[PDB]
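Remarks on the structure that follows.
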Amino acid sequence: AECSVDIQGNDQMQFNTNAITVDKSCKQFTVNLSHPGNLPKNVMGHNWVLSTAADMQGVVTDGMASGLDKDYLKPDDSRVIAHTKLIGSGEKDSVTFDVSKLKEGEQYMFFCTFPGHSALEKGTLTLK
């Protein structure tokens, strides 16, 4: 779309994109996450979580420390630019955030924090 992207996480631990370009015209950006498949949220939950590339691992590690009731995310983690909820199959969640939180030239990663899953469920996001 524009100033937005629909992303899907499937039953095989994959997002259907690995690269998002955010048009610098946009004042806000919206991610619409959905989960086609049958698998439930405790086995195959997906979230879409954005951080700088440098911050991704600490976010993933502390998200694992926080656990499933915290949607596998440290509450108020200052390094998380934007995140959806964790969703199961057939569910949908959107997050919108201010584009002024990003800058050109910097490297951002989006990823799911379900334990173990970010090895596959990840990609890059750039402002251009």
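Residue numbering restarts at 1 for every chain of the structure tokens, chains are lettered A, B, ... in their displayed order, and ligands are numbered from 1 as they appear.
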Could you pull the residues within 6 Å of stretch 54-67 of chain A, counting only C-alpha atoms, minus those fewer than 6 positions along the same chain, as a PDB file with N, CA and C atoms, in the first residue's frame?
```
ATOM      1  N   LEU A  73       8.103  -9.977  25.129  1.00  0.00           N
ATOM      2  CA  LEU A  73       8.708  -8.667  25.011  1.00  0.00           C
ATOM      3  C   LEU A  73       8.892  -8.011  26.358  1.00  0.00           C
ATOM      4  N   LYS A  74      10.079  -7.493  26.609  1.00  0.00           N
ATOM      5  CA  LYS A  74      10.312  -6.733  27.851  1.00  0.00           C
ATOM      6  C   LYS A  74       9.364  -5.534  27.923  1.00  0.00           C
ATOM      7  N   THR A 113       9.545 -12.026  18.256  1.00  0.00           N
ATOM      8  CA  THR A 113      10.271 -12.494  19.453  1.00  0.00           C
ATOM      9  C   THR A 113       9.842 -13.847  20.093  1.00  0.00           C
ATOM     10  N   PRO A 115      10.211 -17.418  21.198  1.00  0.00           N
ATOM     11  CA  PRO A 115      11.578 -17.969  21.472  1.00  0.00           C
ATOM     12  C   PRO A 115      12.023 -18.880  20.336  1.00  0.00           C
TER      13      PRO A 115
END
```
Long-range neighbours of residue A:23 as a ChimeraX atom specification, 8 Å cut-off, only C-alpha atoms, 2 positions minimum in chain: /A:3,21,25-26,127-128
Take the residues from that selection and write them out as a CSV table (one decimal), in the first residue's frame, keeping C-alpha atoms.
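What landed in again-v2.csv:
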```csv
chain,number,residue,atom,x,y,z
A,3,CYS,CA,2.8,4.4,4.2
A,21,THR,CA,11.2,0.4,2.6
A,25,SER,CA,7.2,11.3,2.4
A,26,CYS,CA,5.2,9.5,5.2
A,127,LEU,CA,13.9,4.9,5.4
A,128,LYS,CA,14.3,6.2,1.9
```
Which polymer residues have any atom within 8 Å of an atom of residue A:95, counting only C-alpha atoms, with same-chain residues fewer than 5 positions away left out, as a count of residues only? 6
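Relative to atom CA of residue A:29, atom CA of residue A:96 is found at 5.4 Å.
In this structure, atom CA of residue A:86 sits 20.6 Å away from atom CA of residue A:53.
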Need to verify the contact set: residue A:19, 12 Å, only C-alpha atoms, exclusion of same-chain residues closer than 6 positions in sequence. Can you return it as a list in words? residues 5, 7, 107, 108, 109, 110, 111, 121, 122, 123, 124, 125, 126 and 127 of chain A
Option closest in space to residue A:34, from A:81, A:49, A:68, A:87 [counting only C-alpha atoms]: A:87
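Of all the residues in stretch 56-128 of chain A, the ones DSSP labels as strand (DSSP E or B) from the backbone are residues 82, 83, 87, 92, 93, 94, 95, 96, 97, 98, 108, 109, 110, 111, 122, 123, 124, 125, 126 and 127 of chain A.
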Can I get the selected residues back with C-alpha atoms, as a PDB file, in the first residue's frame?
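Generated file (part-v6.pdb):
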```
ATOM      1  CA  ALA A  82       7.233  -0.136  17.500  1.00  0.00           C
ATOM      2  CA  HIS A  83       5.614  -3.592  17.990  1.00  0.00           C
ATOM      3  CA  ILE A  87      -0.991 -13.225  17.291  1.00  0.00           C
ATOM      4  CA  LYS A  92      -4.734  -9.769  12.986  1.00  0.00           C
ATOM      5  CA  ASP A  93      -2.924  -6.836  14.672  1.00  0.00           C
ATOM      6  CA  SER A  94      -1.709  -3.438  13.381  1.00  0.00           C
ATOM      7  CA  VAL A  95       0.814  -1.019  14.766  1.00  0.00           C
ATOM      8  CA  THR A  96       1.295   2.573  13.570  1.00  0.00           C
ATOM      9  CA  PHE A  97       4.322   4.657  14.446  1.00  0.00           C
ATOM     10  CA  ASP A  98       5.902   8.074  13.688  1.00  0.00           C
ATOM     11  CA  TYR A 108      16.671  -1.315  11.318  1.00  0.00           C
ATOM     12  CA  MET A 109      15.514  -4.950  11.790  1.00  0.00           C
ATOM     13  CA  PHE A 110      11.980  -6.225  12.171  1.00  0.00           C
ATOM     14  CA  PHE A 111      11.585  -9.643  13.814  1.00  0.00           C
ATOM     15  CA  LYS A 122      13.408 -11.408  10.415  1.00  0.00           C
ATOM     16  CA  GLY A 123      14.125  -8.698   7.878  1.00  0.00           C
ATOM     17  CA  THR A 124      15.438  -5.242   7.305  1.00  0.00           C
ATOM     18  CA  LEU A 125      13.661  -1.957   7.303  1.00  0.00           C
ATOM     19  CA  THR A 126      15.070   1.240   5.727  1.00  0.00           C
ATOM     20  CA  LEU A 127      13.864   4.862   5.396  1.00  0.00           C
TER      21      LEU A 127
END
```
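Proximity to residue A:16 was assessed for A:36, A:101, A:42, A:76 counting only C-alpha atoms; the smallest distance is recorded for A:36.
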